[PDB]
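Add 5 to the 1-based position in the sequence shown for the deposited numbering, that's all there is to it.
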Amino acid sequence: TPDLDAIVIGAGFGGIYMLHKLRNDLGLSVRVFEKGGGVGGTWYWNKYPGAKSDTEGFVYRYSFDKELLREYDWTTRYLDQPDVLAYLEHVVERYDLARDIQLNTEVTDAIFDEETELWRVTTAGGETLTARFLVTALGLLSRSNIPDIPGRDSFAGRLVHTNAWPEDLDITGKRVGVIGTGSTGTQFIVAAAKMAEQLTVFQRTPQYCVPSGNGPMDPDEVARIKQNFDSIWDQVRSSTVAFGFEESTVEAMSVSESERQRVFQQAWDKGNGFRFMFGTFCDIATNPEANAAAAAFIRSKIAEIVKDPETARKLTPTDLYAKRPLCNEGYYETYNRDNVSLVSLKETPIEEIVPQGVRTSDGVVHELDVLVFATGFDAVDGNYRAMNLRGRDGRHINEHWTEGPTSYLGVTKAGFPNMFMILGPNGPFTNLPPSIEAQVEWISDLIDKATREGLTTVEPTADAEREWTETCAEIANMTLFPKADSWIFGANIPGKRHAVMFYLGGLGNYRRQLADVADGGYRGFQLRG
Ligand SMILES: Cc1cc2nc3c(=O)[nH]c(=O)nc-3n(C[C@H](O)[C@H](O)[C@H](O)COP(=O)(O)OP(=O)(O)OC[C@H]3O[C@@H](n4cnc5c(N)ncnc54)[C@H](O)[C@@H]3O)c2cc1C
Ligand SMILES: NC(=O)c1ccc[n+]([C@@H]2O[C@H](COP(=O)([O-])OP(=O)(O)OC[C@H]3O[C@@H](n4cnc5c(N)ncnc54)[C@H](OP(=O)(O)O)[C@@H]3O)[C@@H](O)[C@H]2O)c1
Ligand SMILES: NC(=O)c1cccnc1
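Put into structure tokens, the structure is as follows:
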């Protein structure tokens, strides 16, 4: 007899909803463990200036409760971190969740016992306890990547990763350096340049960026959106990226050059990087010729905006427009400020971090008070591999993942009975809340089935999981995403395996996959009782 029906790890969007479903809707005994000192996940940790979601606010939220959709107000097109955090706090209040969320608690081990058919969880604080079902909502973008740059530990000032940004830290009037120019570093840059006495940007690889179009909302527009939520969410759930805009069905090279220009400009004007990539034409991320047009458009904007021609050159990407799409308020314009300098690490790599700052290969010591690592994440599988997570035959998850991380349907793992993952390997790449909902609800139904039928284990087969990997690989290979150097395929971490880590078929497709497996008697699962 287990201590609990279920244990959930993580208190972001994922664990919050999971706990609600299992405890409030199914009546099970449940506890969440979260390592942070507060709920919110990404939106607890990422306290840096500029931190925000690029999903527009109207759809960066749960959809499952109509009353909450009616009552909760937003006032800006995009939601800054504090605002997302406040929403998730409200959710925890609303559904009386906080009493079952144990904070400051890192789970260091999770071990299946094949004899008792129970999971045993161990905390960093030295406690253990058992559950029949384990749900890991550990975050695709949660384990910080802090590179081993020589002399890093010598720096005498405040050295922080963005995913560990300290609430107390005020960079106003300080000399700040930032390493990294992905989505995090670019939004930080915009914000920080307005506060810092000097900002130095240490850029290894320039990225493409479009306007966000952020600003206040018209409150009458928010009321209209609320009145139309049913339609809005139907379109989200059937779409590929789930960002709340209608995706193009037009091939880029099927129209005239003037019409391409017009379409790109319209999207540029409206804002949002996912809109640029998927709201313009249907084939920007699959057809090299279409990709080249989109990339050219953005390069032309850089050249218009950035006054200094060497700065413009250093900011102009040369690679495929196939990284996670960026958007920002006035990113390239920030380089026109007198208090911002751009160091290309291709020209002058970092030689050593020193007590006073960063020394680049030209011998220049960049003197800093604050050094910010916007260096991204050990994405998707990082928190799984770092756990002592063991399944049948006492095998660690790493033994299953030697050619990259794997799952069946994003949510389960062969050899790991009664373990469910929220946003595990080889799941959807979308606006994440509605993907999380699809997964949570599917997991809930399957756990309920086990409860009603008296099942003791639920597990995918090895064959099912291998087929899923092949599905994901084949879809990925139909796109340009494998051909961009970034975290999506593992390439960002030295030594990490380059592998597919997402199902790239989209939300509507993904939802059908889940529904078809369930409706087909849980095709691919051993159900034992
Ligand atoms: C700065 C930033 C901007 C983002 N912008 C967007 C956006 O525009 N659109 C979009 O859809 N998504 C965006 N995301 C992705 C975002 O992570 C997800 O939308 C969503 O917040 C994920 O929720 P989650 O619950 O799956 O994971 P997370 O919010 O990552 O939560 C996982 C939690 O698990 C905890 N945890 C992990 N391992 C352990 C353990 N071993 N023991 C205990 N606790 C543990 C972590 O501390 C964390 O709180 C962004 C991410 C970042 C970092
Ligand atoms: N606006 C939002 O919606 C938003 C905001 C933040 C995060 N996110 C999400 O989180 C994901 C990750 O974004 P991120 O910006 O945190 O990480 P990222 O995309 O992985 O970017 C990391 C940055 O650090 C650089 N870097 C890494 N290691 C380095 C090293 N050893 N030396 C120098 N530079 C190094 C990378 O350069 P290279 O390119 O040369 O490797 C890159 O510029 C996004 O793609 C998005 O999915 C979203
Ligand atoms: N928008 C993002 O940040 C995101 C991250 C991971 C997967 N899908 C979307």
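Ideal Cβ placement from N, Cα and C applies to all residues, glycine included.
- Residues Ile355 and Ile358 of the same chain have their beta carbon placed closer than 7 Å to that of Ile154, with the five preceding and five following residues left out of the count.
- Apart from sequence neighbours up to five positions away, the residues of its chain that approach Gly362 with a beta-carbon distance below 6 Å are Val370, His371, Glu372 and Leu373, ordered along the chain.
- One Cα belongs to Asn233, the other to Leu24, and the distance between them is close to 28 Å.
- Nearest C-alpha to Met222 among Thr205, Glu61, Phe530 and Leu512: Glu61.
- With a beta-carbon spacing of about 7 Å, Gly144 and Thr47 fall inside the 8 Å limit used to define contacts.
- About 16 Å separates the beta carbon of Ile452 from that of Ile441, a gap too long to meet the 8 Å contact definition.
- Of the other Cβ atoms in all chains shown, 16 or more fall within 10 Å of the Cβ of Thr141; this residue is therefore buried.
- At a cut-off of 4 residues, the continuous stretches assigned as alpha helix (DSSP H) that sit fully inside the stretch 445 to 491 are 467 to 481.
- In the structure shown, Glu39 falls within a coil segment according to DSSP collapsed to helix, strand and coil.
- For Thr186, the distance from the CB to the nearest heavy atom of ligand 3 is not below 7 Å.
- Annotated three-state conformation of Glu372 is strand, per DSSP.
- Taking 8 Å as the cut-off, the Cβ atoms of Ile184 and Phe38 do not count as close.
- Secondary structure of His503 (DSSP, three-state): coil.
- A direct Cα-Cα distance of roughly 44 Å separates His405 from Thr81.
- Under the DSSP definition of a beta bridge, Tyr508 partners with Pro433.
- Taken through DSSP and simplified to helix, strand or coil, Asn333 comes out as strand.
- By the neighbour-count definition (other C-beta atoms within 10 Å, threshold 16), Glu252 is a buried residue.
- Collapsing the DSSP output to three states places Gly409 in a strand.
- Using a cutoff of 7 Å, the CB of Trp48 counts as near ligand 1, since one of the ligand's heavy atoms is closer than that.
- Proximity of the stretch 156 to 176 to the stretch 127 to 142 falls short of the contact definition, fewer than three beta-carbon pairs being nearer than 8 Å.
- A contact between stretches requires three or more CB pairs, one per stretch, nearer than 8 Å, and the stretch 288 to 301 meets this requirement with the stretch 245 to 264.
- When rounded, the separation of the alpha-carbon atoms in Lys40 and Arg400 is 25 Å.
- By the beta-carbon neighbour count (other beta carbons within 10 angstroms, threshold 16), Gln270 is exposed.
- Sorting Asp85, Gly32 and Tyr49 by C-alpha distance to the C-alpha of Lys57 places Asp85 at the top.
- In the structure shown, the three-state DSSP call for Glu404 is helix.
- Here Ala520 is exposed: its Cβ has fewer than 16 other Cβ atoms, across all protein chains shown, within 10 Å.
- Beta-bridge annotation (DSSP): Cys214 is paired with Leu331.
- At least one heavy atom of ligand 3 falls within 7 Å of the beta-carbon of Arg329.
- With a threshold of 7 Å, the Cβ atom of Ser58 counts as near ligand 2, since some heavy atom of the ligand is closer than that.
- Here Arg148 has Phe382, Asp383, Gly387, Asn388 and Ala391 as same chain residues with Cβ atoms under 7 Å from its own Cβ, once five neighbours each way along the sequence are excluded.
- When the Cα atoms are used, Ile480 and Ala327 turn out to be separated by approximately 15 Å.
- For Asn296, the three-state secondary structure derived from DSSP is helix.
- DSSP places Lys418 in the coil class of the three-state scheme, outside both helix and strand.
- Taken through DSSP and simplified to helix, strand or coil, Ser58 comes out as coil.
- The three-state secondary structure of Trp238, taken from DSSP, is helix.
- DSSP places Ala496 outside any beta strand (DSSP E), giving it a letter other than H or E.
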